[PDB]
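As you go down the protein sequences, you meet chains A and B in turn.
Numbering-wise (our numbering), the first sequence opens with residue 1 and increments by one.
Numbering-wise (our numbering), the second sequence opens with residue 1001 and increments by one.
Just so it is clear, CB atoms sit at the ideal spot from N, CA and C, and this is done for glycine as well.
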Amino acid sequence: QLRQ
Amino acid sequence: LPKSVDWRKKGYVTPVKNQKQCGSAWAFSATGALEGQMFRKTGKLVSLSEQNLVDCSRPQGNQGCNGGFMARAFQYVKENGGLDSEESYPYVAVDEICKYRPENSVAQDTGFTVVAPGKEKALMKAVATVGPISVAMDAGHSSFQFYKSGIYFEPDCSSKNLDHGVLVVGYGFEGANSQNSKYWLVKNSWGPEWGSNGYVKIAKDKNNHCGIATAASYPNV
Ligand SMILES: [Cl-]
Ligand SMILES: [Cl-]
């Protein structure tokens, strides 16, 4: 998962 | 087992890295675990290459910046015979040509060990006796994005539908009672600016919160  | 464990205090863990806009958390989780096992085997802490995993492990079923799995990464290092250092094969956060060089390899593994699925006490034992452990979690929450301090506990967390790979570097507890207010010490790959210097305390022994013990593994070196 990515940093949003 | 010990009441608390922190492999960072023993030299097993590299500083926090940043996957940036690439779905490569699985690779940082895998390099973190391999970093701690190579440290236990040799006494040298060497940062390993996530880019090497992203560019070269599609045959094992990984998809570079579109996702992957730590066990597939340990399978690649085994099948491949090695893994390059971060210094020699730098991270650029995009899918590129596999440039694996054996002469730059600083790690190897013979396969991996899986922690019994869903068992937090089994993960506790692996963490205490082995070193940092790769784990999958459900990180798909604004509360996780903006985490800063305290034991993270999110009602919307799933223990079965997971979307992020991270590294358990230890566990501990708050207060004087070691049997309550427990937490997993987790290294993330969102930079040291995210969370608490790049880390997060995730509720422990609260029914496998966010799935930390659902898909845990470590490389055999
Ligand atoms: Cl990711
Ligand atoms: Cl995995």
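Run the proximity test for residue i: is its beta-carbon closer than 7 angstroms to any non-hydrogen atom belonging to ligand 1?
{"i": "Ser1057 of chain B", "result": "no"}
One question on the structure: do residue i and residue j come within less than 8 angstroms of each other, judged by their Cβ atoms?
{"i": "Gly1165 of chain B", "j": "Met1070 of chain B", "result": "yes"}
{"i": "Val1054 of chain B", "j": "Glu1035 of chain B", "result": "no"}
{"i": "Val1168 of chain B", "j": "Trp1184 of chain B", "result": "yes"}
{"i": "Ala1136 of chain B", "j": "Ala1073 of chain B", "result": "no"}
{"i": "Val1127 of chain B", "j": "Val1046 of chain B", "result": "no"}
{"i": "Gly1081 of chain B", "j": "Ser1158 of chain B", "result": "no"}
{"i": "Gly1023 of chain B", "j": "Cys1065 of chain B", "result": "yes"}
{"i": "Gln1021 of chain B", "j": "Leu2 of chain A", "result": "yes"}
{"i": "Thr1113 of chain B", "j": "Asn1220 of chain B", "result": "yes"}
{"i": "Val1016 of chain B", "j": "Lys1187 of chain B", "result": "yes"}
{"i": "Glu1050 of chain B", "j": "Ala1027 of chain B", "result": "yes"}
{"i": "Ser1217 of chain B", "j": "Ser1134 of chain B", "result": "yes"}
{"i": "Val1130 of chain B", "j": "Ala1122 of chain B", "result": "no"}
{"i": "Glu1154 of chain B", "j": "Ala1213 of chain B", "result": "no"}
{"i": "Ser1181 of chain B", "j": "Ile1151 of chain B", "result": "yes"}
{"i": "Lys1099 of chain B", "j": "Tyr1091 of chain B", "result": "no"}
{"i": "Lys1148 of chain B", "j": "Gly1195 of chain B", "result": "yes"}
{"i": "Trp1007 of chain B", "j": "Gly1172 of chain B", "result": "no"}
{"i": "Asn1052 of chain B", "j": "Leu1083 of chain B", "result": "yes"}
Can you find a heavy atom of ligand 2 that lies under 7 angstroms from the Cβ of residue i?
{"i": "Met1124 of chain B", "result": "no"}
{"i": "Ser1159 of chain B", "result": "no"}
{"i": "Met1070 of chain B", "result": "yes"}
{"i": "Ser1189 of chain B", "result": "no"}
{"i": "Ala1139 of chain B", "result": "no"}
{"i": "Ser1217 of chain B", "result": "yes"}
{"i": "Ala1213 of chain B", "result": "no"}
{"i": "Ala1033 of chain B", "result": "no"}
{"i": "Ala1136 of chain B", "result": "yes"}
Quick check on residue i - is its C-beta less than 8 angstroms from some C-beta in chain A?
{"i": "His1209 of chain B", "result": "no"}
{"i": "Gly1140 of chain B", "result": "yes"}
{"i": "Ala1025 of chain B", "result": "yes"}
{"i": "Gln1021 of chain B", "result": "yes"}
{"i": "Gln1145 of chain B", "result": "yes"}
{"i": "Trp1194 of chain B", "result": "yes"}
{"i": "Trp1190 of chain B", "result": "yes"}
{"i": "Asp1163 of chain B", "result": "yes"}
* Asked: Any residues whose CB sits closer than 7 angstroms to a heavy atom of ligand 1? List them in chain order?
  -> Counting only beta-carbon distances shorter than 7 angstroms to the non-hydrogen atoms of ligand 1, the qualifying residues in chain order are A:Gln1, A:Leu2, B:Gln1019, B:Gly1023, B:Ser1024, B:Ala1025, B:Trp1026, B:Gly1067, B:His1164, B:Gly1165.
* Kindly provide the ranges of any beta strand (DSSP E) runs that are 3 or more residues long and lie completely inside the segment 1094–1163 of chain B, ordered along the chain. => Within the segment 1094–1163 of chain B, the complete beta strand (DSSP E) runs of at least 3 residues are 1105–1107, 1112–1114, 1133–1137.
* Tell me the start and end of each unbroken beta strand (DSSP E) in the segment 1182–1208 of chain B that is at least 3 residues and wholly inside, in chain order. => As for any beta strand (DSSP E) of minimum length 3 sitting wholly inside the segment 1182–1208 of chain B, the runs are 1182–1187, 1199–1203, ordered along the chain.
* To do: At 4 residues or longer, and completely inside the segment 1065–1090 of chain B: list those alpha helix (DSSP H) runs for me, N to C.
  => Taking only runs of at least 4 residues, the alpha helix (DSSP H) segments lying wholly in the segment 1065–1090 of chain B are 1070–1080.
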